[PDB]
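A quick write-up on the structure given underneath.
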């Protein structure tokens, strides 16, 4: 989930946008 | 701001700025 993708590894805009409604 | 390790409030704030009027969901336990 978001923590694994963006906190413990380097985030990206692509990944952040997966969590927008 | 996006291309770094983002944790906790710092991650919530990035979601806020990127998603704008769409809003977002923050689910840390998945």
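Residue numbers (the numbering used here), protein chains in the order written: chain A, 3 to 23; chain B, 5 to 34.
Ideal placement from N, C-alpha and C gives every residue a C-beta, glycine not left out.
Taking C-alpha positions only, residue 9 of chain A is separated from residue 24 of chain B by approximately 21 Å. Going by DSSP, residue 23 of chain B is part of the alpha helix (DSSP H) stretching over 13-23. A straight line joining the alpha-carbon of residue 26 of chain B with that of residue 21 of chain A spans about 10 Å.
According to the DSSP assignment, residue 17 of chain A belongs to the alpha helix (DSSP H) that extends over 15-19.
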